[PDB]
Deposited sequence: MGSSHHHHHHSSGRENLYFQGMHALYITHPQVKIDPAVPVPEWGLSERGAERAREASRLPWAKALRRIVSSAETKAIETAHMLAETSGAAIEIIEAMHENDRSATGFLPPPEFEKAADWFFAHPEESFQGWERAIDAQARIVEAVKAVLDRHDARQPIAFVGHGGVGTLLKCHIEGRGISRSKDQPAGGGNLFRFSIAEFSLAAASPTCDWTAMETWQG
């Protein structure tokens, strides 16, 4: 277990009454996670480290259905904080997201700065990996925004935007190297042959 995976949650089930942060995976999202869980790479996992959001925890549990991998919840793995903005329609959100990545040292509308979200996710992954038993294959389960920031850090490139639509995407990275520049393209978890 000297390479780690970072996996984004797949599709989310909306509800008119259940609090938004508590939403779980859709029928399709859950299906995809279950499909991934039966793959050799998923069966080999011994620890899955999830953000504390319901959709992430559900993904982790689904991925662990065959393996029975231990699940650890890390609050610090939360998505880029963007609660300050209130509601934003998609066209405006997309430009705001572009802005977030384009101006990492600045806050969009009270949103977490991209530089700060990157520092946070890198620190959280580092803390976990620092105390990691190298023998146990490990995956992180979380979110595309911070996942992208992590990916930038790992590759030694500047912060820039662009996972594919639908979530449930992963990349693999070297644990040893995470501790100078080094990862695969985002790929659908349920089709990953690694």
- Please list, in sequence order, every stretch of the deposited sequence that lacks C-alpha coordinates. 1-20, 183-184, 202, 206-207
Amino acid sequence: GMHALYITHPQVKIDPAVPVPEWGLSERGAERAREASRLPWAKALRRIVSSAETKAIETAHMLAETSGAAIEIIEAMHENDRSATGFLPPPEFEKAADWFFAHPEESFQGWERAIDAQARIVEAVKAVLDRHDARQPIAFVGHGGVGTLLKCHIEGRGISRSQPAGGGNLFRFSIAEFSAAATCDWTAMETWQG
From here on, numbers count along this sequence of modelled residues.
- Note on the structure: Between 163-171 and 138-146, the record assigns the higher mean Cα B factor to 163-171
- Do the C-alpha atoms of 184-192 or of 4-12 have the higher average B factor in the entry? 184-192
- Query: Would the CA B-factor of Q118 place it in the lowest, middle or highest third of its chain?
  - Reply: lowest
- Query: In terms of the chain's CA B-factor thirds, is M62 lowest, middle or highest?
  - Reply: middle
- Query: What third of the chain, by the recorded C-alpha B-factor, contains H78?
  - Reply: lowest
- For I71, does the deposited CA B-factor place it in the lowest, middle or highest third of the chain? lowest
- Item | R157 - which third its CA temperature factor falls in, relative to the rest of the chain | highest
